[PDB]
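Consider the single chain below, provided in structure tokens and representing the form deposited in one PDB entry.
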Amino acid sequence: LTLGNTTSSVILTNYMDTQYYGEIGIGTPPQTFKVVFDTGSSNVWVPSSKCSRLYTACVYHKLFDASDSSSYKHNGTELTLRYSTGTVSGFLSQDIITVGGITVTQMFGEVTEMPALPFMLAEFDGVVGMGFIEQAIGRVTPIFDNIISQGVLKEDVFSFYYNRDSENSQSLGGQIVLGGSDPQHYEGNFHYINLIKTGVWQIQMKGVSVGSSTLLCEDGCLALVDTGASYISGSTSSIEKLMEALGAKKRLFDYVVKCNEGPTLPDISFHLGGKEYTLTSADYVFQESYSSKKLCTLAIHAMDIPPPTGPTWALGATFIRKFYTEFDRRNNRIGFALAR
């Protein structure tokens, strides 16, 4: 592990509080793609020009076309990524990738099979996996590992800032710092929690409290910190119980309350390491109206994450929006600080 003197940032756009994505270029000359930087996974991929146009999701996204890149290097090994919420499939290629002004030779999936659900609902084209190599499919070095190798970054860490969605363009949607954190976007001190184990961005959670009565995760539980998840999530059975405590109605994909009931909802607290992380209802209610005649969705969802990573809660965009997040690969921990 060699360290340098550099920090790089990636400017993110915020689509509807649910997808935070930045721009990368692949190939010579660069082909640009909108991508999510996803700590829940470790593979890079973008849709391929070899994706059959019978996948409509391929009709509606940018396609990487190897035949137009002079730095491409073929490989071709089959690759399937089976996330908890959908799957993609294709084959591995290598090309040069530009991210935050850093150029790195990276092996990545060209995706030729991309389901309309969920992918038709993606504003982004691809994914940049930010997790450990232990979780990379095909044993492919993740992009951050390859950048670390160049010995240019000041610290073996990266940090996420997710903004609250603005209508006004001079609000940046968010920011990733590779090799550091950005003190403009947090205040107070970081508090850290150790990873249970290297290989996964998952920490122990000591309790989940709702208001001043209800207690979940009473004996302890897992918290995956997932920058590529829209929401905070829990196991179906946990969320069943959290939602009971809030007076919420279950639908197929989400929970809702009558919009007028939203601001009366208690705080929700997450006990991580030394500290309680508290969200008020404004942090977890999509308060689109104050009417009793309208439903408001909640940014806390049920999700069963498979083993071995699950069963687990996941702290996604709903959480990061309040808490500036640092991922420390040197010391295998995660730090949180109040975002600003």
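So that the term is clear: the rigid core is the largest set of C-alpha atoms that superpose within 1.5 Å between two forms. Residue numbers here begin at 1 and follow the sequence given.
Asker: Does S171 have no coordinates in at least a third of the other PDB entries examined?
Answerer: Yes: coordinates for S171 absent from at least a third of the compared entries.
Asker: If we scan the other compared entries, does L338 go without coordinates in at least a third?
Answerer: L338: modelled in every other compared entry.
Asker: Test of understanding: from the entry's C-alpha B-factors, which stretch has the higher mean, 170-178 or 229-237?
Answerer: It is 170-178.
Asker: Averaging C-alpha B-factors over each stretch, which comes out higher, 266-274 or 208-216?
Answerer: That would be 208-216.
Asker: Among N189, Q94, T80, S84, which carries the highest Cα B-factor?
Answerer: The C-alpha B-factor peaks, among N189, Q94, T80, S84, at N189.
Asker: Based on what the PDB entry reports, which of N331, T13, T325, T18 has the top C-alpha B-factor?
Answerer: Highest C-alpha B-factor among the listed options: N331.
Asker: Is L54 in the lowest, middle or highest third of its chain when residues are ranked by C-alpha B-factor?
Answerer: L54: CA B-factor falls in the lowest third of its chain.
Asker: Splitting the chain's C-alpha B-factors into thirds, which one does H301 fall into?
Answerer: Middle third.
Asker: For the chain shown, is the CA B-factor of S89 in the lowest, middle or highest third of its modelled residues?
Answerer: CA B-factor rank for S89: lowest third.
Asker: Could you tell me which third, lowest, middle or highest, the C-alpha B-factor of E155 occupies within its chain?
Answerer: For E155, whose C-alpha B-factor we compare with every modelled residue in the chain, the answer is the highest third.
Asker: Taking the C-alpha B-factors as the PDB entry records them, is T112 in the lowest, middle or highest third of its chain?
Answerer: Lowest third.
Note that the form deposited in another entry isn't included here; everything after this is about it.
Asker: Tell me, which of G220, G199, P263, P118 is the one whose C-alpha shifts by at least 2 Å between this form and the one not shown, with the rigid core superposed?
Answerer: Comparing both forms, the shifted residue turns out to be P118.
Asker: With both forms fitted on the core, give yes or no for whether the Cα of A57 moves by 2 angstroms or more between this form and the one not shown.
Answerer: Yes: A57 shifts by at least 2 Å between this form and the one not shown.
Asker: After fitting the rigid core, is the C-alpha of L79 off by 2 Å or more between this form and the one not shown?
Answerer: Shift at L79: 2 Å or more after core fit.
Asker: Once the core is superposed between this form and the one not shown, does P30 show a C-alpha displacement of at least 2 Å?
Answerer: Where the cores coincide, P30 still shows a C-alpha shift between this form and the one not shown that is 2 Å or more.
Asker: With a shift of at least 3 angstroms, figure out whether the C-alpha spacing between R82 and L224 grows or shrinks in that other deposited form: closer or farther?
Answerer: Farther is correct, given that in that other deposited form the C-alpha spacing of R82 to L224 is increased by at least 3 Å.
Asker: Taking the cut-off of 3 Å or more as given, in which direction does the distance between the C-alpha atoms of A122 and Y255 change in that other deposited form, closer or farther?
Answerer: Relative to this form, farther apart in that other deposited form.
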